[PDB]
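Have a look at the structure below, then the notes.
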Amino acid sequence: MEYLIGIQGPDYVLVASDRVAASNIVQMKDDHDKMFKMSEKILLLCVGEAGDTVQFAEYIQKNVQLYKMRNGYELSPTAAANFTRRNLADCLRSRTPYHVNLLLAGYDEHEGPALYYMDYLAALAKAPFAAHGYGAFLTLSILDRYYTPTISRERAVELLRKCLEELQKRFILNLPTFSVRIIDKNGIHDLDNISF
Amino acid sequence: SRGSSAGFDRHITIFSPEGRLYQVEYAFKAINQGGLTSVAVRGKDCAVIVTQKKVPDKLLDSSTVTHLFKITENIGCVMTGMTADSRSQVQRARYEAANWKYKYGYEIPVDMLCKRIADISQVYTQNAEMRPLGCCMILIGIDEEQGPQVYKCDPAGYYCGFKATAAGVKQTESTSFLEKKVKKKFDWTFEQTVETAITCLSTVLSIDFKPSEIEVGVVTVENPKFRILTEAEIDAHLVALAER
Amino acid sequence: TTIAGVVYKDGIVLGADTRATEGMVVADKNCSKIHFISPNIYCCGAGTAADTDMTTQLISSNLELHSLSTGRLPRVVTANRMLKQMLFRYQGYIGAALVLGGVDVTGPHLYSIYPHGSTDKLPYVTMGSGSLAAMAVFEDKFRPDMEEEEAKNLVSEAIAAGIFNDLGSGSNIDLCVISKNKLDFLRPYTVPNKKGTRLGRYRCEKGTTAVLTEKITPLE
Amino acid sequence: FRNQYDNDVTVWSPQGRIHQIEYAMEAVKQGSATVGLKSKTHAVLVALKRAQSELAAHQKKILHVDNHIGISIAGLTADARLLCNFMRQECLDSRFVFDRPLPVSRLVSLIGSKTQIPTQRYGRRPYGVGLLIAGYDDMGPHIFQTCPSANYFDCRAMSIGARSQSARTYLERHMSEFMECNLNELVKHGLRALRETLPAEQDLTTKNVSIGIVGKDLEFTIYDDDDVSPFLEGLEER
Amino acid sequence: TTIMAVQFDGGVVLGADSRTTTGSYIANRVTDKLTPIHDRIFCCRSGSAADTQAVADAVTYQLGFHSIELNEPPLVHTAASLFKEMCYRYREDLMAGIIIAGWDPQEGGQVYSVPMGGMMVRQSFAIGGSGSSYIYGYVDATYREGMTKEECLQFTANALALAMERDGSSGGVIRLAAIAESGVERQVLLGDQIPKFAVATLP
Amino acid sequence: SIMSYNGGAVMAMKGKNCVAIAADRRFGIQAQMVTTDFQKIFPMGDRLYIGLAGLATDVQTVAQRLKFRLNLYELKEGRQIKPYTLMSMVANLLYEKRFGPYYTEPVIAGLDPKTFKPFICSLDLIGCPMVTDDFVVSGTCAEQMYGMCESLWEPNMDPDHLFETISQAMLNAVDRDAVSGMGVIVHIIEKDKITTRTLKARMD
Amino acid sequence: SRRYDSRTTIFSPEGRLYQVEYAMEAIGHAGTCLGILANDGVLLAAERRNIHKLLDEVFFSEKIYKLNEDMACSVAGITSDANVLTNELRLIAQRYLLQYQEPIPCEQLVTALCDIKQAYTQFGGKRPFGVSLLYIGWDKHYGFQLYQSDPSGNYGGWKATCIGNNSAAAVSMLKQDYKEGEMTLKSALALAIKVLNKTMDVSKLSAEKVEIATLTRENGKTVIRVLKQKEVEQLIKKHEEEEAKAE
Amino acid sequence: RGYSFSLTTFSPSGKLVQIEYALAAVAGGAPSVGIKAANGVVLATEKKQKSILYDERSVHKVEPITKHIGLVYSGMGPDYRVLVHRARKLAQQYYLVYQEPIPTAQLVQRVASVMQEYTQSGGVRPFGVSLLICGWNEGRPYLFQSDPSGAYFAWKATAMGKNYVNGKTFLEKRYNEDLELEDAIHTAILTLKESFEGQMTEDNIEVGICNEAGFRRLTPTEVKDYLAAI
Amino acid sequence: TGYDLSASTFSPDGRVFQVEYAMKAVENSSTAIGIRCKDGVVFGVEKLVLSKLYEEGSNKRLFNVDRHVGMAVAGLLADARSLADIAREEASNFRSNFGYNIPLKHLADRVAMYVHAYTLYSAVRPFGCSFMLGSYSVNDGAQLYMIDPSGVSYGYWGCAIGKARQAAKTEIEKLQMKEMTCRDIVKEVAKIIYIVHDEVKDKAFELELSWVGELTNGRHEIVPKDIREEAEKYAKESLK
């Protein structure tokens, strides 16, 4: 199972994801990126069935970049979330469903920061923090315990590291490194990869 | 104006600058191109068809040369105009009657079958890829509520019910003669209606018919099936009007 | 569901219960199960209830087309053909078990139209879950060419037996009497069971329910 | 008085004629001459081969349809190839469904059924190619002639193309000898018929002669540049 | 269901029971399982009621249109070929065993079986339905060559009464129909009109 | 059950010239709560709401396609929709998917846009309308809600008693459902105002 | 069949499209419609050609059509083609709202309609939609906007424009009286009735003969309303007073 | 099979000449009068019935669409039957979606959209009929006219057919807002008599009314009673 | 003219001239006759073999379109083979759907309606051939119809299509054909074909004969070569 997490502060969204691609016994890639830049202030974090993740998310990415090319301005992260939800919900009952779990992170200039949970059925939920994978079961209670809405991003990285230390302590799969990015008014920033 | 034209309006079914459709009027001329005339008159308990029957060739099988057509057991028609167009509307009328009985459980009325064939015939006058059928169809039958019904549809798509009707070359003469024999009375019986028909045709034609020169189809309330009279029976009516 | 109909001397008496169950739980206590088709023809519905709703509304639309086009009074055999040909067209996957009845120029006609598309032209039919209670009352007490009030009493007695003997049936009896001259749609005809009266007064007052946030949004 | 009657194939002239069909027959009256002819044992196609220039090769005339049928085209070469692919596909379908060679008359009837369709539908055009179809089956050899008028002809011998009237004159003159000829005599009669279509200065060489033979134990074989020299000599002078 | 049709000289006799069951509940106890396809052609219906009604309606449609085109009374072989075509084309879709029996001016009284699967065979007598199994032995030991209309009516009524006695899916009343050149005579046997057969009680 | 995947609970209740519609607020994957602010009541007019329980992706989809067809109706039509006509619109939208059906069971609470007559109804997943005069319920705590509403509903309640009744009904019903709760939002629809209150509910 | 073909989608030997120019001529003979941008609103102003008869005035406007929550339009040309185009605009706006859950920006809606008009001027062999449109709207991207389409499928952003009868004299007046950036809503109403008064050579300008609609933002909501004829009479009498102050 | 190109195209002056020629067909048609009263709408028309062999009770010009909508036309009758059929089907499609009787203006929009479609689509001529569409809902009567172009107007009173412009001046001269429905039937018969030429009977005109009780054609006994002292 | 370019166009007289031009293509063809008699129907075609280079049996104008029906054509012979294959398809599908041999009336009605289907539209042209269908069975007896390019299907005792149809019909009318067996009708048919043949124009033709009737048990076959030689011998000695 593959792990995503987002944390939405006052003026930023902190997202992390496990950096592992596996084939059922072996970690075939230990520097694998699950984050997809939709536009300059939108990340789509995708886990799910193999193949569906990259195909669906590169579909969403080319249509959001095509919106920016057609229009001279970007989609808002709300509009990107509803577009992603709409394509996933339309493909739900088609012949070719996408079994993908999604965190859409985003910073809007007017709306502020925004995080969106999305399960594989395409239920969209705006959330102050959210996570996928089986590690979400271990980490969301720590996030319920320690998150306040006025969290600084330094305390957000410390809380993220508490979640990842819980995954090292208690979770059964080896998830050694975590790609950590942050979105704010200055765009998407690669933070340091939390390693163990 | 006064019958002017501008464009392709004499060649396809589009409007002239007066709002006429010249191809439909030309289909009305194509009815008269056949050179025969049919006359149908409705009684009180009957409805009858008389029509010309020209076999000038004598190698024609006279039983096959007909314009009487059984559409269903109760509804019959005479055709007037171009023969293959007429036979196409006969096949389409038989289809619509059979399909009505299948979809609806009861036999098609004569006004509804004539409305159906007229609504088919309208589409020929609006789409430019086909011409109107140059044929006049006169349906007869017994309605369950209204008794005898004669109905005529045209190349234009106009249908009406008729007390008596005619189609063909002498349609105007037959319309004048039947306005004569309808204003005073309906001249009614099964005997008077089949004789008003044969008198109308042999009056506007002035031929003083033989029984081998016409053919007659009847519907009555007592016998609701569309029945064709034979040469003996038409000969009986010709004896009855030859003695005056 | 208990729906039934007889043919009496002058027409049709249809009957239905008013219970709609979702599972073994009463959803509606006042379901309407006798549906308008044409001014002379109604239809009782059992089976999948949305299927009976959409099916009888579609056939009501088709007969309003048919009667505006012919200018006549629609027949029960036409509704019968339309229903059975569509339900056969959809292979029984539309569960519209129907009691069709009406009076035309040819007299009263009653039909039981099963979801696969088979039809039975009978003087008295029952459909639904409590159909065998109602058919017990019908096979017990039917006579040909009964009067109107004898037929109404018979149909409501059969629907009442379905109410008091089937767990999926209950709460009221609707009748729809059709004759050559008249249309009586009786809703409710008989009310067999009432709610037992309340003993304790509760009267939840202002300040009982604690409220976190409150919004007033005025209009015009 | 003809300008509106000669641009569509769905227009009859007032003389009861379709001018696009006659124009597509002019298209085969201006192809190079080819000669079909048969004996009791064989059926040989003999075709001139024009060249667009001296440096260009000769456009091939004789095609393969099946192991028992060969054709020689005249007219438009793309319609010729399209029609020949129809013929090849029908022979393959016959050998797949029935495991037997398609009879030559039934294939020619299928060609007539195919080519009649565009001569009656709007915007379509007649296949502007005439075939000489040599086939062999249970009913002996067969020479067939197809037209862009969709008519098909069952021939003792036939020549089509440009200047083929002289060849038809020769074949009418000497067709009473063909059924008792052997293979080599029959091919020499076909070569003389083909040589009648030439001008007075032109003579048949190994360049401009293509010979296709189907026979009793002989599959359809095309004889080209070096292979025609056992047949071309011979030979009588003109 | 028990359906039956017997050929005599000059026409046929058709006969069916009247019970339609929904499992072991008798949904209709007076079912008319003889259907007039044309004026002198009936069909006997056994099997799925929806399937047999739809196929009989569609063959009634096609055969009526065919007879109006040809200006002839239809053949009984034509009606049976239409049932065969529709019951063979949809043989995975239908549960329909049909006996087509009628009269025609060209060939006389004819009985054809179109059983499930959709084959077609002309027979002197034909039985079908769930109850016909109980009377195969009776109709084999009883059928005679050269029977009259009245003997075929009584033979059909007896064999139907036997099958209705042993089958639970068969019962009700006996609907008979004799079809000849003169027309169609239909009759219902009920109560004591149905042939009784005495139960072998212990002496 | 696919209906009980996300949980959910909506009821609508009719008063004296006023209706009340109420939803729980839990969004949940299954046993995992995800958010506590999930919208299940959707405004379809000034005095006309729909409440959707069931599968949350189909909740969002039916609300959006209904608002699609509704905005086309109110532009082409030039008027606000009547609640009966909204019900037939929802029944059509759900019955179009008869064999591929939207896993949602909507309740519709509203006032008539002309005479302000109270309307409540509910529908099943394939669009069978059910117009009651007292209450409709929908969701995974349906039996709880029918028990509380048969126990507490009175005819002709002013909006204070109406609010208290649908409030106690929703609270005591969702405290017996595991997949429902996490807050209860209540709308009170009057001729002059809409009152939206959220309730102090148990968060477990 | 090729004899009867009309060839609506071919070029002229001068490279012109005849049917597009003839539909443009038809709009040049249509009813007058103008729109003016301001800092706090956009307006429309439409002459009624179905003006003064036993008409009923059922709808909220003859020639103003609301497209979504944020946009209105106004047509000039074939009224049936105009109905087809306004229905399609409403469908495009609601499909955007279905797909993105936010209202459509104005230039996207205008572009999406002009793609359909270009499609009927390029392929398909049908006649072009003979309707020009004026689009008004607010959005969160570019604010108050004013557009103008034509049967070719061309469009453009305008600060003041006019379609219909006398649009050349109207756009000359809108050159010689408009102030870029200094226009409020009331001054634009004054300019609208000034241009409508000086581009109707028939009849005394009467308030039963114009429809004026405004689009403003109140409280974060777009308010689209066609101005009632009491207000329109008051504005025409204000124009009468401002012309009586020319002495 | 069909043609795929418009037969109605633009002329260099901007005219659509096939629509104008369909209008020439309408103007040569039988006179129809519509008057929207205070509590109803009357639709009166002239049965151009020469040749008394015609069954005058067989084909109706005034023709219902719903319980509350009725049409009448001027122009080409078979095109009117096509528009009757399409209007009845469109009205019942509204009833199948919304389970509500269709509003009159919405039906006029849909049928005008049909008449638009046969002015642009491939290989058709426009309909040679203008319609008069009456209707009652929301306690308010509606009177609409659908042109052959597919544009639709809302009238308080109007006329179409032969001598339609003088009939519209007559309806300008006679109509007022507080006029009741029986006064509307009186003034509609007067407007048809203004261009009738040939002694009105109960069988050569046809009147249908629409009110709160719905739409109905008048029986010829009722029409004879409205022709009294007239 | 302007009115003769389409089969979807009437004249101001009400004429579809493409149909009349297809019938003028019929009256450019050589004469095919057919005589229905007491026990069957005998066809006969003046088959003009235009070149000596064709086989004797090339361009057959007598067609077996079912095993009880034959077909004699006259006109544009590619359209004739097209209609023959339509008639074969129609008889085949009749047997496949209804289960018996198609009545000649119903075969001629269906193929005539196929012919009429190309006289309505501009997307097609009318067929340029008339054809005679002839059958025999025990019930139906001898039957002979004929279908022109307009699609008119009439019954005939003796019929004639082609360029000399008037001379052929005035020699068929001289026969009491209703009381004759087919073995005398073949000599009558051969006599009529050699009478109506123009011999200064378009020489060197072949007589192509066939019958259906009692003497083939309803099967439509060509006349055997001994009977066809003695029929041509009778016709040569009777032509003088």
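We name chains A, B, ... by the order of the sequence lines, and we start the count at 1 in each one. All values below come from the heavy atoms of this structure, side chains included, with hydrogens, waters and symmetry mates left out.
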**Item:** Worked check of side-chain contact (heavy atoms from CB on, under 4.5 Å) between I:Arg125 and D:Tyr122
**Value:** CA-CA 8 Å; I:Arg125 61 172 175 84; D:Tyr122 183 77; over 6 Å; no
**Contact origin within D:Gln116 toward chain I - heavy atom pairs under 4.5 Å** = side chain
**Prompt:** chain I heavy atoms under 4.5 Å from D:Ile18: which part of the residue, side chain, backbone, both or neither?
**Reply:** side chain
**Prompt:** Got more than 12 heavy atoms from elsewhere within 6.0 Å of CD1, I:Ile222?
**Reply:** no
**Message:** Is it the case that over 12 heavy atoms from other parts of the model lie below 6.0 angstrom from the CZ atom of I:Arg110?
**Reply:** no
**Message:** Atom CZ of residue position D:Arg124 - does it have more than 12 heavy atoms of other residues, nucleotides or ligands inside 6.0 Å?
**Reply:** yes
**Prompt:** D:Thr119 versus chain I, heavy atoms under 4.5 Å apart: side chain, backbone, both or neither?
**Reply:** both
**Message:** Rounded at 0.5 Å granularity, tell me how far CZ in D:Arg168 sits from CG in I:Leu53.
**Reply:** 8.0 Å
**Request:** Could you tell me which non-hydrogen atom of I:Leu5 sits nearest to which non-hydrogen atom of D:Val11, and how far apart they are?
**Result:** O-CG2, 3.8 Å
**D:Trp12 backbone acceptor or donor facing I:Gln18 side chain under 3.5 Å** = yes
**Item:** Toward chain D: residues of residues 112-122 of chain I with heavy atoms under 4.5 Å
**Value:** I:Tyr118, I:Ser122
**Asked** Roughly how far, to the nearest 0.5 Å, is CD of I:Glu55 from CD1 of D:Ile143?
**Response** 10.0 Å
**Asked** How long is the gap from CG on I:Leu76 to OG on D:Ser149, to the nearest 0.5 Å?
**Response** 7.5 Å
**Request:** Mark yes when over 12 heavy atoms from residues, nucleotides or ligands other than D:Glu185 sit less than 6.0 Å from its CD; otherwise mark no.
**Result:** yes
**Message:** Within the supplied structure, the quantity of interest is the number of heavy atoms (other residues, nucleotides, ligands) at a distance under 6.0 Å from D:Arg106 CZ; does it exceed 12?
**Reply:** no
**Prompt:** What residue in I:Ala7, I:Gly75, I:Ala80, I:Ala22 has the most heavy-atom pairs under 4.5 Å with chain D?
**Reply:** I:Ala22
**Message:** What's the separation between atom CG in I:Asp85 and atom OG in D:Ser109, rounded to the nearest 0.5 Å?
**Reply:** 8.0 Å
**Asked** Taking side chain as C-beta onward, heavy atoms only, is D:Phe153 less than 4.5 Å from I:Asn59?
**Response** yes
**Request:** Go through the atoms of D:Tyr152 and report whether side chain, backbone, both or neither lie under 4.5 Å from a heavy atom of chain I.
**Result:** both
**Request:** Any chance you could measure D:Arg156, atom CZ, to I:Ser51, atom OG, to the nearest 0.5 Å?
**Result:** 10.0 Å
**Message:** Need one label for D:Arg17: side chain, backbone, both or neither, based on atoms under 4.5 Å from any heavy atom in chain I.
**Reply:** neither
**Request:** Might you confirm whether atom CZ of D:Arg121 has over 12 heavy atoms from other residues, nucleotides or ligands at distances under 6.0 Å?
**Result:** no
**Prompt:** If you draw a 6.0 Å radius around CG in D:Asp138, do more than 12 non-hydrogen atoms from other residues or ligands fall strictly inside?
**Reply:** no
**Complete:** Residues D:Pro14 and I:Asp4: closest non-hydrogen pair is CG-OD2, 4.4 Å
